[PDB]
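**Student:** This structure is in structure tokens; I'll ask about it shortly.
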Amino acid sequence: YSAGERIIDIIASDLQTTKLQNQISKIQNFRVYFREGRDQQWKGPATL
Amino acid sequence: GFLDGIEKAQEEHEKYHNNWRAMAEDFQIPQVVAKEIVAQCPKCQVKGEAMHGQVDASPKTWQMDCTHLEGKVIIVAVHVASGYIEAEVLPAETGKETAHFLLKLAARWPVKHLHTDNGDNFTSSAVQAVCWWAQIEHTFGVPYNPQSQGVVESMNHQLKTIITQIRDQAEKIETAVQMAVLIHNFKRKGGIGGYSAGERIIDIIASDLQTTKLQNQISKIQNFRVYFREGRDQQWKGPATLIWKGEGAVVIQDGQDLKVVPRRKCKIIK
Amino acid sequence: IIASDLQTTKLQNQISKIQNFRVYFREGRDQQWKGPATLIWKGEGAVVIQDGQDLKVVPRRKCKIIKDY
Amino acid sequence: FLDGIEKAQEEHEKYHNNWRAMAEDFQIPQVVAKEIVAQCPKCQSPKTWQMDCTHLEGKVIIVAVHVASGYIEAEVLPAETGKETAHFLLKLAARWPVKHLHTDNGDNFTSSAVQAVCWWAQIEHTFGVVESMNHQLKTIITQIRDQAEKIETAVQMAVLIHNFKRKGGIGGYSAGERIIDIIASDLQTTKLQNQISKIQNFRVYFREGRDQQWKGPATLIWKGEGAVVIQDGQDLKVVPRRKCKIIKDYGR
Amino acid sequence: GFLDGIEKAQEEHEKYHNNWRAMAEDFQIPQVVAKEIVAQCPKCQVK
DNA sequence: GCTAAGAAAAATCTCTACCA
DNA sequence: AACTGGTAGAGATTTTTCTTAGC
DNA sequence: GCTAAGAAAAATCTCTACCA
DNA sequence: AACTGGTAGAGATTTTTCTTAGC
Ligand SMILES: O=C(NCc1c(F)cc(F)cc1F)c1cn2c(c(O)c1=O)C(=O)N1[C@H]3CC[C@H](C3)O[C@@H]1C2
Ligand SMILES: [Cl-]
Ligand SMILES: [Mg+2]
Ligand SMILES: [Mg+2]
Ligand SMILES: [Zn+2]
Ligand SMILES: [Zn+2]
Ligand SMILES: [Zn+2]
């Protein structure tokens with residue numbers, strides 16, 4: 001590989017690590033209203 | 001004993017059609033035998049099992065119906081997960097106008113699944129051609145069962161009450177229909193999030209897109225394969241993708257199926 | 001020869017007691033109760049039944065399923 | 001907490017960040033970050049539409065465009081009077097939140113029917129994007145013309161291809177994804193502003209360390225389970241709940 | 001239905017004097033009616 | 001200065017008619 | 001073999017919030 | 001001889017359609 | 001100022017009864 005391919009690969013890998021730790025919390029900040037068996041009311045806000 | 005009582009109970013039910021408590025008390029037979037005597041009769045068995053089902057409420061499902069008001073034909077479509085309404089007045093109840101209404105709806109919003117009854121305008125070649133071109137899956141209800149399309153008939157009721165509330169502010173019926181659609185979509189609040197129907201459809205579609213992009217970025221940098229032991233026989237199943245590890249159980253994906261397995265029956269491999 | 005006959009009768013006994021149900025259902029515009037039929041599939045909310053070599057979908061609120069003891 | 005608030009104030013003093021970025025990075029609540037942006041002197045549209053009429057094959061096509069995203073709603077009118085224009089405007093206002101309308105000085109746009117619809121639906125009308133969108137839509141209409149029989153079918157098929165099949169711009173999105181993202185961001189801002197005003201109708205008397213006298217009336221910003229963020233003397237600071245007394249303020 | 005099984009189990013016990021668990025498993029009738037078929041026979045005794 | 005009684009105001013729960 | 005009742009308002013009961021009397 | 005597991009059988013609870 | 005929904009059956013869940021293996 002040349003120099004530009006190496007610098008792009010290295011900084012992209014570092015970004016992927018740190019943003020992984022932030023992105024999991026971002027996906028767990030949503031709220032789900034679900035329905036169980038043979039009860040017709042929507043249950044409260046569980047976490048996705 | 002009661003064996004002659006069983007024969008007498010069969011003759012008595014053949015004449016009078018007793019229920020099981022009458023036969024079990026008059027002939028002194030046990031209740032399992034009397035329940036069998038009633039259950040082997042065809043003139044009885046006229047009663048259902050007393051439950052209700054639940055309809056499909058995916059974030060791209062729409063239901064549709066036609067209603068009548070003052071000699072006109074209104075056609076109503078509802079987004080099921082939010083309660084969002086589109087409605088129009090048709091010159092006739094043919095299949096050409098229903099196909100044009102469905103094409104305008106698909107040009108405005110993302111439609112992937114349509115649910116209707118078995119009316120003549122919905123079981124039509126024009127509607128079938130539009131669904132083929134726009135890639136919509138059309139499903140029909142069980143015939144003469146309006147509970148299959150419960151959301152759009154509930155919205156027929158709500159639309160008619162708003163139209164009688166604001167009727168003396170318009171001249172024609174078509175103006176009153178569009179004013180009722182505006183009042184329902186933006187001026188009435190309460191429900192899941194304290195929202196109106198317009199705020200709820202914006203929240204549902206935006207959260208759908210954002211959560212797919214987030215878990216694409218999460219899953220493209222994963223590791224940690226998981227070997228787990230489940231089944232009626234204590235076997236070993238193949239390569240599973242670890243998704244989340246919690247204090248008590250783990251979440252694995254195997255064959256695009258999500259499973260929650262406790263921590264004793266699994267091992268994580270880097 | 002005799003042992004294979006015993007094992008075959010045992011497996012056929014289990015298969016005969018799995019899914020031999022009768023269904024009395026209610027359908028049509030004038031919803032009358034119609035005769036017995038054979039249960040094919042049972043989901044939550046609706047069933048698929050075979051009646052007179054015709055397939056029908058009935059909701060579970062308009063049908064009664066009779067088992068065997 | 002207070003370390004995060006001081007770091008966010010220093011970072012905003014250098015680079016003037018926005019409140020969503022500061023709330024995500026320095027791990028503080030969103031009302032505190034919005035207050036940090038609101039105290040800066042150097043830091044102080046999702047509902048505007050444009051309408052136009054055009055001609056094609058002897059028919060009148062009326063096009064409305066959402067300006068911040070490029071989203072299109074079109075129709076085929078039987079004539080070019082003001083009653084059909086008023087009915088098209090009433091349908092658009094029934095389906096989307098419309099607050100500001102921009103048109104040219106045509107005849108049917110300057111009419112009593114359009115004026116009555118704008119009065120009832122509370123729209124601000126201004127007389128003077130749509131031409132570029134008309135040209136792009138007409139290239140699509142001549143591209144997919146032989147798949148349909150009438151002109152209304154071809155118009156609605158071109159609206160679907162424009163809204164959901166052509167992708168571009170910065171991130172590579174269609175117009176429908178951009179309009180839903182824009183309106184959702186505005187909805188988030190208005191809900192947070194309602195919470196901010198409801199919280200800021202209070203007032204706080206606090207007791208500083210190694211003093212037995214209560215201090216001045218500081219305005220409440222955030223109230224937690226064990227911490228309280230107050231504004232006093234153009235300064236933000238964090239006082240625990242055991243040295244605070246929160247009272248209603250009537251200072252309208 | 002097991003009422004025809006009740007009639008066939010009565011004929012079978014009149015011939016061979018089966019026990020009640022055997023008749024209940026072979027003819028698919030409940031256990032109360034099988035014990036009653038044994039109990040009405042003068043030569044037999046349910047045990 | 002601190003607590004608590006008492007009332008106002010908001011939140012949650014159960015149940016009904018209507019949709020050809 | 002691959003389908004299905006739901007929505008919104010009227011009271012009733014319980015919980016949270018706000019002011020003031022008393023030690 | 002006495003206990004208890006396990007299954008059969010009976011009793012109680014919730015919910016549905018129909019009555020112009 | 002003096003009126004008004006109810007009945008009966010289908011499953012589901014819980015409790016009582018009966019036989020037999022084991023110490
Ligand atoms: O009885 C209806 N509603 C009332 C009602 C409800 F809404 C929901 C309930 F849980 C209970 C209800 F009693 C009703 C009936 N039909 C049709 C409707 O749309 C409809 O709403 C319809 O379109 N068709 C077409 C398809 C074949 C032909 C024309 O007969 C049917 C009849
Ligand atoms: Cl139907
Ligand atoms: Mg219909
Ligand atoms: Mg209907
Ligand atoms: Zn009978
Ligand atoms: Zn600034
Ligand atoms: Zn005998």
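In the structure tokens, each chain is lettered A, B, ... as it comes, each chain's residues begin at 1, and ligands are numbered from 1 in order of appearance.
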Mind listing the residues within 8 Å of ligand 2, only C-alpha atoms (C1' of nucleotides) and all ligand atoms counted, as a list in words?
**Tutor:**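 Listed by chain and ascending number, the contacts are residues 117, 118, 119, 141, 142, 143, 144, 145 and 146 of chain B.
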**Student:** For the residues in that selection, give me C-alpha atoms as an mmCIF file, in the first residue's frame.
**Tutor:**
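result-v3.cif, written as the output of this step:
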data_model
loop_
_atom_site.group_PDB
_atom_site.id
_atom_site.type_symbol
_atom_site.label_atom_id
_atom_site.label_comp_id
_atom_site.auth_asym_id
_atom_site.auth_seq_id
_atom_site.Cartn_x
_atom_site.Cartn_y
_atom_site.Cartn_z
ATOM 1 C CA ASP B 117 -61.911 -5.892 2.796
ATOM 2 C CA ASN B 118 -63.367 -7.789 -0.180
ATOM 3 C CA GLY B 119 -65.220 -4.932 -1.849
ATOM 4 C CA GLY B 141 -59.698 -9.815 5.249
ATOM 5 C CA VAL B 142 -61.864 -12.805 6.057
ATOM 6 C CA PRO B 143 -65.192 -12.133 4.271
ATOM 7 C CA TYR B 144 -67.981 -10.515 6.324
ATOM 8 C CA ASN B 145 -65.654 -9.882 9.284
ATOM 9 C CA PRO B 146 -65.196 -6.119 9.803
#
**Student:** Let's see if you can do this: from backbone DSSP, list all strand (DSSP E) residues in range 9-244 of chain B, as a PyMOL selection string.
**Tutor:** chain B and resi 61-69+72-79+84-90+113-116+137-140+225-228+240-244
**Student:** Using only C-alpha atoms (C1' of nucleotides) and all ligand atoms, which residues have at least one atom no more than 9 Å from ligand 1? Output them as a PyMOL selection string.
**Tutor:** (chain B and resi 65-67+116-120+143-154+156-157) or (chain C and resi 29) or (chain F and resi 18-20) or (chain G and resi 5-6)
**Student:** If you count only C-alpha atoms (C1' of nucleotides), which residues fall within 12 Å of residue 21 in chain G, apart from same-chain ones fewer than 5 positions away, as a PDB file with N, CA and C atoms (P, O5', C5', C4', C3', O3' and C1' of nucleotides), in the first residue's frame?
**Tutor:**
ATOM      1  P    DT F   3     -38.118  18.800  58.966  1.00  0.00           P
ATOM      2  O5'  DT F   3     -39.632  18.677  59.468  1.00  0.00           O
ATOM      3  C5'  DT F   3     -39.901  18.670  60.866  1.00  0.00           C
ATOM      4  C4'  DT F   3     -41.377  18.450  61.159  1.00  0.00           C
ATOM      5  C3'  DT F   3     -42.107  17.489  60.230  1.00  0.00           C
ATOM      6  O3'  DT F   3     -42.972  16.669  61.008  1.00  0.00           O
ATOM      7  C1'  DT F   3     -43.211  19.583  60.238  1.00  0.00           C
ATOM      8  P    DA F   4     -43.587  15.313  60.410  1.00  0.00           P
ATOM      9  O5'  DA F   4     -45.129  15.678  60.193  1.00  0.00           O
ATOM     10  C5'  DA F   4     -45.855  16.304  61.248  1.00  0.00           C
ATOM     11  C4'  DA F   4     -47.103  16.998  60.731  1.00  0.00           C
ATOM     12  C3'  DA F   4     -47.934  16.196  59.726  1.00  0.00           C
ATOM     13  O3'  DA F   4     -49.305  16.315  60.052  1.00  0.00           O
ATOM     14  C1'  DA F   4     -47.472  18.320  58.857  1.00  0.00           C
ATOM     15  P    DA F   5     -50.307  15.081  59.833  1.00  0.00           P
ATOM     16  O5'  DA F   5     -51.745  15.770  59.816  1.00  0.00           O
ATOM     17  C5'  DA F   5     -52.020  16.840  60.707  1.00  0.00           C
ATOM     18  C4'  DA F   5     -52.852  17.920  60.032  1.00  0.00           C
ATOM     19  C3'  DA F   5     -53.960  17.416  59.119  1.00  0.00           C
ATOM     20  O3'  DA F   5     -55.114  18.195  59.332  1.00  0.00           O
ATOM     21  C1'  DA F   5     -52.536  18.866  57.910  1.00  0.00           C
ATOM     22  P    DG F   6     -56.558  17.629  58.934  1.00  0.00           P
ATOM     23  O5'  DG F   6     -56.935  18.486  57.641  1.00  0.00           O
ATOM     24  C5'  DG F   6     -56.688  19.887  57.640  1.00  0.00           C
ATOM     25  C4'  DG F   6     -56.723  20.450  56.232  1.00  0.00           C
ATOM     26  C3'  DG F   6     -57.646  19.716  55.254  1.00  0.00           C
ATOM     27  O3'  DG F   6     -58.430  20.668  54.557  1.00  0.00           O
ATOM     28  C1'  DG F   6     -55.505  19.976  54.318  1.00  0.00           C
TER      29       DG F   6
END
**Student:** Please check which protein, DNA or RNA residues sit within 12 Å of ligand 6, counting only C-alpha atoms (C1' of nucleotides) and all ligand atoms, and write them as a tab-separated table (two decimals) with C-alpha atoms, in the first residue's frame.
**Tutor:**
chain	number	residue	atom	x	y	z
D	8	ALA	CA	-18.44	22.70	27.98
D	9	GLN	CA	-18.23	26.42	28.77
D	10	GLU	CA	-14.54	26.56	27.80
D	11	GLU	CA	-15.17	24.60	24.59
D	12	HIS	CA	-18.08	26.86	23.62
D	13	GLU	CA	-15.90	29.88	24.38
D	14	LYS	CA	-13.33	28.66	21.85
D	15	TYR	CA	-15.36	27.10	19.04
D	16	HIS	CA	-19.07	27.99	19.65
D	17	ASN	CA	-20.50	24.48	19.54
D	18	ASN	CA	-24.20	23.64	19.30
D	19	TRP	CA	-26.22	22.21	22.16
D	22	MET	CA	-22.19	19.50	23.67
D	33	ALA	CA	-26.39	22.84	27.16
D	34	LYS	CA	-29.20	24.97	25.74
D	35	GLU	CA	-28.63	27.47	28.56
D	36	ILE	CA	-24.89	27.62	27.73
D	37	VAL	CA	-25.74	28.47	24.11
D	38	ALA	CA	-28.42	30.95	25.24
D	39	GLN	CA	-25.97	32.93	27.39
D	40	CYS	CA	-23.66	33.68	24.45
D	41	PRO	CA	-23.86	37.12	22.80
D	42	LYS	CA	-22.44	35.97	19.45
D	43	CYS	CA	-25.01	33.20	18.85
D	44	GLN	CA	-28.08	35.45	18.99
**Student:** At a cut-off of 8 Å, which residues of chain B touch chain A? Count only C-alpha atoms and give the answer as a PDB file with C-alpha atoms, in the first residue's frame.
**Tutor:**
ATOM      1  CA  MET B  51     -61.535 -14.294  22.351  1.00  0.00           C
ATOM      2  CA  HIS B  52     -60.260 -11.532  20.065  1.00  0.00           C
ATOM      3  CA  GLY B  53     -57.145 -11.393  17.903  1.00  0.00           C
ATOM      4  CA  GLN B  54     -54.720  -8.527  17.278  1.00  0.00           C
ATOM      5  CA  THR B 211     -32.176   2.885  14.251  1.00  0.00           C
ATOM      6  CA  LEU B 214     -27.076   2.956  13.887  1.00  0.00           C
ATOM      7  CA  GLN B 215     -27.089  -0.816  14.048  1.00  0.00           C
ATOM      8  CA  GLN B 217     -22.541   0.928  11.960  1.00  0.00           C
ATOM      9  CA  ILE B 218     -22.529  -1.189  15.140  1.00  0.00           C
ATOM     10  CA  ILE B 221     -17.146  -3.718  13.511  1.00  0.00           C
TER      11      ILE B 221
END
**Student:** Show me which residues are within 6 Å of ligand 7 counting only C-alpha atoms (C1' of nucleotides) and all ligand atoms, and format the list as a ChimeraX atom specification.
**Tutor:** /E:13,17,41,43-44
**Student:** Only N, CA and C atoms, please: the residues just picked out, written as a short mmCIF file (atom, residue, chain, number, x, y, z; two decimals), in the first residue's frame.
**Tutor:**
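Written out: part-v4.cif:
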data_model
loop_
_atom_site.label_atom_id
_atom_site.label_comp_id
_atom_site.auth_asym_id
_atom_site.auth_seq_id
_atom_site.Cartn_x
_atom_site.Cartn_y
_atom_site.Cartn_z
N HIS E 13 -64.87 -57.59 28.43
CA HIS E 13 -64.77 -58.09 29.80
C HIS E 13 -65.69 -59.27 30.05
N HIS E 17 -62.40 -61.11 30.99
CA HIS E 17 -62.24 -60.57 32.35
C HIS E 17 -60.93 -59.79 32.51
N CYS E 41 -69.15 -56.63 37.71
CA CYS E 41 -68.99 -58.07 37.50
C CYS E 41 -68.97 -58.79 38.84
N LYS E 43 -67.78 -61.84 39.56
CA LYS E 43 -66.60 -62.67 39.79
C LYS E 43 -65.34 -61.85 40.03
N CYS E 44 -65.30 -60.61 39.56
CA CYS E 44 -64.08 -59.82 39.58
C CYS E 44 -64.08 -58.84 40.75
#
**Student:** Taking only C-alpha atoms (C1' of nucleotides) into account, find every residue of chain C that has an atom no more than 12 Å from chain H, and write it out as an MDAnalysis selection string.
**Tutor:** chainID C and resid 60:62
**Student:** Print the selection's residues with N, CA and C atoms to a file, as a PDB file, in the first residue's frame.
**Tutor:**
ATOM      1  N   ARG C  60     -61.201 -17.480  14.912  1.00  0.00           N
ATOM      2  CA  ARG C  60     -61.425 -18.372  16.043  1.00  0.00           C
ATOM      3  C   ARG C  60     -62.595 -17.954  16.919  1.00  0.00           C
ATOM      4  N   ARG C  61     -63.124 -16.759  16.727  1.00  0.00           N
ATOM      5  CA  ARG C  61     -64.324 -16.289  17.389  1.00  0.00           C
ATOM      6  C   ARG C  61     -65.593 -16.859  16.767  1.00  0.00           C
ATOM      7  N   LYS C  62     -65.492 -17.504  15.603  1.00  0.00           N
ATOM      8  CA  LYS C  62     -66.638 -18.041  14.879  1.00  0.00           C
ATOM      9  C   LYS C  62     -66.469 -19.526  14.587  1.00  0.00           C
TER      10      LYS C  62
END
**Student:** Quick one: residues within 7 Å of ligand 5, with only C-alpha atoms (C1' of nucleotides) and all ligand atoms, as a ChimeraX atom specification?
**Tutor:** /B:13-14,17-18,38,41-44
**Student:** Export N, CA and C atoms of the chosen residues as a CSV table (one decimal), in the first residue's frame?
**Tutor:**
chain,number,residue,atom,x,y,z
B,13,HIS,N,-81.2,-37.4,25.9
B,13,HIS,CA,-80.6,-36.3,25.1
B,13,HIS,C,-81.1,-36.3,23.7
B,14,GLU,N,-81.3,-37.5,23.1
B,14,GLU,CA,-81.8,-37.6,21.7
B,14,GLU,C,-83.2,-37.0,21.6
B,17,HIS,N,-82.5,-32.9,24.3
B,17,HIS,CA,-81.2,-32.1,24.2
B,17,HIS,C,-80.9,-31.4,25.6
B,18,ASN,N,-80.8,-32.2,26.6
B,18,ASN,CA,-80.3,-31.7,27.9
B,18,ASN,C,-78.9,-31.2,27.8
B,38,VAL,N,-73.0,-34.6,25.3
B,38,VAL,CA,-73.3,-33.3,24.7
B,38,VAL,C,-72.3,-33.1,23.5
B,41,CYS,N,-72.9,-34.4,19.7
B,41,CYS,CA,-74.2,-34.1,19.1
B,41,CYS,C,-74.0,-33.0,18.1
B,42,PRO,N,-74.5,-33.1,16.9
B,42,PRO,CA,-74.4,-32.0,15.9
B,42,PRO,C,-75.4,-30.9,16.0
B,43,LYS,N,-76.6,-31.2,16.6
B,43,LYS,CA,-77.6,-30.2,16.8
B,43,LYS,C,-77.3,-29.1,17.8
B,44,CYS,N,-76.4,-29.5,18.7
B,44,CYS,CA,-75.7,-28.5,19.6
B,44,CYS,C,-74.5,-28.0,18.9
**Student:** What parts of chain E does DSSP call alpha helix (DSSP H)? I'd like the answer as a PyMOL selection string.
**Tutor:** chain E and resi 3-16+20-27+31-39
**Student:** May I ask for the distance between CA of residue 147 in chain D and CA of residue 53 in chain D, given in Å to one decimal place?
**Tutor:**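 Going from CA of residue 147 in chain D over to CA of residue 53 in chain D, I get 24.4 Å.
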**Student:** Could you list, as a PDB file with N, CA and C atoms, in the first residue's frame, the residues of chain C having an atom within 12 Å of chain G when counting only C-alpha atoms (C1' of nucleotides)?
**Tutor:**
ATOM      1  N   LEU C  39     -59.315 -29.694  10.650  1.00  0.00           N
ATOM      2  CA  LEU C  39     -58.387 -28.619  10.963  1.00  0.00           C
ATOM      3  C   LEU C  39     -57.051 -28.866  10.283  1.00  0.00           C
ATOM      4  N   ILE C  40     -56.546 -27.864   9.573  1.00  0.00           N
ATOM      5  CA  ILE C  40     -55.253 -27.944   8.913  1.00  0.00           C
ATOM      6  C   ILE C  40     -54.203 -27.123   9.648  1.00  0.00           C
ATOM      7  N   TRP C  41     -54.463 -25.835   9.835  1.00  0.00           N
ATOM      8  CA  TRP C  41     -53.536 -24.931  10.494  1.00  0.00           C
ATOM      9  C   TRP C  41     -54.312 -24.128  11.518  1.00  0.00           C
ATOM     10  N   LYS C  42     -53.691 -23.855  12.657  1.00  0.00           N
ATOM     11  CA  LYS C  42     -54.303 -23.057  13.711  1.00  0.00           C
ATOM     12  C   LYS C  42     -53.305 -22.003  14.168  1.00  0.00           C
ATOM     13  N   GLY C  43     -53.550 -20.752  13.790  1.00  0.00           N
ATOM     14  CA  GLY C  43     -52.800 -19.634  14.310  1.00  0.00           C
ATOM     15  C   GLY C  43     -53.610 -18.896  15.356  1.00  0.00           C
ATOM     16  N   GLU C  44     -52.990 -17.885  15.950  1.00  0.00           N
ATOM     17  CA  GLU C  44     -53.692 -17.046  16.917  1.00  0.00           C
ATOM     18  C   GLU C  44     -54.623 -16.109  16.164  1.00  0.00           C
ATOM     19  N   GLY C  45     -55.929 -16.238  16.374  1.00  0.00           N
ATOM     20  CA  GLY C  45     -56.902 -15.384  15.738  1.00  0.00           C
ATOM     21  C   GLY C  45     -57.685 -16.042  14.621  1.00  0.00           C
ATOM     22  N   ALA C  46     -57.078 -16.968  13.882  1.00  0.00           N
ATOM     23  CA  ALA C  46     -57.783 -17.599  12.776  1.00  0.00           C
ATOM     24  C   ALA C  46     -57.303 -19.030  12.587  1.00  0.00           C
ATOM     25  N   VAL C  47     -58.126 -19.821  11.890  1.00  0.00           N
ATOM     26  CA  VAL C  47     -57.825 -21.204  11.545  1.00  0.00           C
ATOM     27  C   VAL C  47     -58.050 -21.400  10.051  1.00  0.00           C
ATOM     28  N   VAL C  48     -57.356 -22.394   9.500  1.00  0.00           N
ATOM     29  CA  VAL C  48     -57.574 -22.870   8.138  1.00  0.00           C
ATOM     30  C   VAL C  48     -58.185 -24.259   8.225  1.00  0.00           C
ATOM     31  N   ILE C  49     -59.348 -24.436   7.603  1.00  0.00           N
ATOM     32  CA  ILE C  49     -60.054 -25.707   7.654  1.00  0.00           C
ATOM     33  C   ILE C  49     -60.337 -26.195   6.241  1.00  0.00           C
ATOM     34  N   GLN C  50     -60.423 -27.516   6.115  1.00  0.00           N
ATOM     35  CA  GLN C  50     -60.762 -28.185   4.867  1.00  0.00           C
ATOM     36  C   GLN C  50     -62.165 -28.751   5.001  1.00  0.00           C
ATOM     37  N   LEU C  55     -60.880 -25.074   0.799  1.00  0.00           N
ATOM     38  CA  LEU C  55     -60.115 -24.461   1.874  1.00  0.00           C
ATOM     39  C   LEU C  55     -60.784 -23.169   2.313  1.00  0.00           C
ATOM     40  N   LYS C  56     -60.925 -22.986   3.625  1.00  0.00           N
ATOM     41  CA  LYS C  56     -61.540 -21.781   4.155  1.00  0.00           C
ATOM     42  C   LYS C  56     -60.742 -21.268   5.339  1.00  0.00           C
ATOM     43  N   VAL C  57     -60.747 -19.949   5.506  1.00  0.00           N
ATOM     44  CA  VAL C  57     -60.142 -19.285   6.654  1.00  0.00           C
ATOM     45  C   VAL C  57     -61.269 -18.716   7.499  1.00  0.00           C
ATOM     46  N   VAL C  58     -61.314 -19.113   8.767  1.00  0.00           N
ATOM     47  CA  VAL C  58     -62.367 -18.700   9.691  1.00  0.00           C
ATOM     48  C   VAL C  58     -61.677 -18.073  10.895  1.00  0.00           C
ATOM     49  N   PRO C  59     -62.171 -16.974  11.460  1.00  0.00           N
ATOM     50  CA  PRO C  59     -61.630 -16.516  12.742  1.00  0.00           C
ATOM     51  C   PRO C  59     -62.033 -17.448  13.874  1.00  0.00           C
ATOM     52  N   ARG C  60     -61.201 -17.480  14.912  1.00  0.00           N
ATOM     53  CA  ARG C  60     -61.425 -18.372  16.043  1.00  0.00           C
ATOM     54  C   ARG C  60     -62.595 -17.954  16.919  1.00  0.00           C
ATOM     55  N   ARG C  61     -63.124 -16.759  16.727  1.00  0.00           N
ATOM     56  CA  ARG C  61     -64.324 -16.289  17.389  1.00  0.00           C
ATOM     57  C   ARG C  61     -65.593 -16.859  16.767  1.00  0.00           C
TER      58      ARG C  61
END
**Student:** Please find the residues of chain E near chain H - the criterion being any atom within 12 Å, counting only C-alpha atoms (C1' of nucleotides) - and write them as a ChimeraX atom specification.
**Tutor:** /E:30-32
**Student:** Dump as a PyMOL selection string the residues of chain B that approach chain E to within 7 Å, counting only C-alpha atoms.
**Tutor:** chain B and resi 1+36+40
**Student:** Keeping C-alpha atoms, export the residues of the selection given above as a CSV table (one decimal), in the first residue's frame.
**Tutor:**
chain,number,residue,atom,x,y,z
B,1,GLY,CA,-73.8,-48.5,39.0
B,36,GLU,CA,-69.1,-36.4,26.1
B,40,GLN,CA,-71.0,-35.9,20.3
